[PDB]
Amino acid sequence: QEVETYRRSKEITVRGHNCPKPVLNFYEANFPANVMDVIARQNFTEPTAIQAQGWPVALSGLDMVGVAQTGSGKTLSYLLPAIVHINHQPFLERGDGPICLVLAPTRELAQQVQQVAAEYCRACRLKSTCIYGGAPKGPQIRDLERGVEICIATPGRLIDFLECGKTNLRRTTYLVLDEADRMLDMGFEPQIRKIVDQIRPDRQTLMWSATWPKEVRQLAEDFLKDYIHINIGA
């Protein structure tokens, strides 16, 4: 396995049934033209180790957990397959909720992901929005009502909105839990549960974490299906 040479090099450990081979370069991912336009402008030389192994897993439709240090490039690891997903699901109709739901523990990390996502949404003509607590409800409710394919959210504000019927998850087929361990450290487990229970069963779900403790591992087993576990580090 040329694979095992590459994984071993990049300190990639994979666990679970039938993980696809890692993609050795950007071109092999076969992301659509508009996304490539935006990737070329970032002057990356190469895929990061989790993009390498993570992308093909995500693009295959499989559930997974990606464990890597802050800075290993996981945002793109779930975002970019999200775009492909959206391209393969029907067109967004008046009043449809989001197709892709990215949950994040804090306002700041929610906004970071919106920032990364902005350029690709614009190149791909997708609409997205950052939902977070503390800030004016008005603009956020506007965005959700005009319709977004992508909704990046912190749990509390999302709940409030669902309960008020200002959006809904009956189209959410691609679920992301960024910074899951932090999300659990800050005590959001009941809230994340209350959220997912409203998500139709055929969802692909992807968790991302810098660490792999008991609490997170248990969340994975309750929420994921036959998941792949990717580790990055010695």
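The first residue of the sequence shown is number 1, and the count goes up from there.
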Between 20 to 28 and 212 to 220, which has the higher average C-alpha B-factor in the PDB entry?
212 to 220
So, looking at the entry's B-factor column for Cα atoms, which has the higher mean, 79 to 87 or 98 to 106?
98 to 106
Checking the entry, which one of 62, 35, 49, 184 has the top C-alpha B factor?
184
For the CA B factor values reported in this entry, which option in 172, 53, 69, 205 has the top one?
69
Cα B factor band for residue 158 (lowest, middle or highest third within the chain):
middle
For residue 116, the third of its chain into which the C-alpha B factor falls
middle
C-alpha B factor of residue 125, ranked within the chain: lowest, middle or highest third?
lowest
Residue 176 - which third its CA temperature factor falls in, relative to the rest of the chain:
lowest
Quick check for you: using the entry's CA B-factors within this chain, is residue 234 in the lowest, middle or highest third?
highest
